[PDB]
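What follows is one chain in structure tokens, specifically the form deposited in one PDB entry.
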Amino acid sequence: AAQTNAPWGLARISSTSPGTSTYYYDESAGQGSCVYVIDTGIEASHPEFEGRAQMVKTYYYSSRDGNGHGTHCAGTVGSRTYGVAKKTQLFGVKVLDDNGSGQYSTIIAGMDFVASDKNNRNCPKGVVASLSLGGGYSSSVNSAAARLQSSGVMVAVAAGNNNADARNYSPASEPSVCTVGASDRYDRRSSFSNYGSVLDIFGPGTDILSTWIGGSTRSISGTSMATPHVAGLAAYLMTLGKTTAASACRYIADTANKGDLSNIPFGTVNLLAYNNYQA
């Protein structure tokens, strides 16, 4: 399948070179996989989700996304126009309030919840968790992310947006999950993107068009936007049978575009997510 005039990030992950505008992808499109979007919630009623999105847990008064951030991330995972894996099932876990804030205890609870809840869901091709959030180093937060990964869920987390070494941020610094940095349309590291040896992969993170609350769309930047590209790619590759939850991060790094990025400091991988599609 080919999506013409696609958002640049989708085009980038199906091309060996920047500047293209077509997203090439296999028609299976992540069907039969499931991605938990752990964030401010999802506007499940957005037409772009076509009924494939559902809220399953909230830690606040409402399960509604009153912010937009979680809806935007879910859209890059799996909306029809803006999504990597256009047929995957989306589950929303609201651990962040509508201001975008949330305590570590609630984020840990949300991670423990997914590890259990997935056993209740029909996801024959595998389960992914997308965490476009973080804060300062916490061993408890890292441990919760490691537990979620250990339970059989591919965990993708944002590296952070401080132009600093991600080793001082959580869950970014957990070695066993898949830590995602941000790139822009010119194949530079985004100026805000954290870096360091704990990074596993880069994805498109600057000026990312996706869904927003009120049935709208908008373009925003962050390693929060790169992470759902990698989460959706994992779901897509798991449906194709190319990898499992335990090894999808490694497989994505093995098959990435290598050496293409600029502004990569010594010690950081130069790898850009790539779906390797061949018509």
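All residue numbers refer to positions in the sequence shown, first residue = 1.
Beyond the structure shown, there is the form solved in complex with a partner chain, which is absent from this document and is the topic of what follows.
- With a 4.5 Å cutoff on heavy atoms, residue 113 does not count as touching its partner chain in the entry with it bound; it lies far away.
- Its partner chain is not shown here, and in the entry with it bound it never comes within 4.5 Å of any heavy atom of residue 153.
- Not displayed here, its partner chain is kept clear of residue 88 by more than 4.5 Å at the level of heavy atoms in the entry with it bound.
- Proximity of residue 196 to its partner chain in the entry with it bound falls outside the 4.5 Å heavy atom cutoff.
- Put simply, of 127, 84, 133, 93 only one has a heavy atom within 4.5 Å of its partner chain in the entry with it bound, and it is 133.
- Exactly one of the stretches 23-31, 217-225, 48-56, 231-239 approaches its partner chain in the entry with it bound with heavy atoms within 4.5 Å, and it is 217-225.
- For the marked spot (102, 158 and 161), a heavy atom within 4.5 Å of its partner chain in the entry with it bound is present in each of the three residues.
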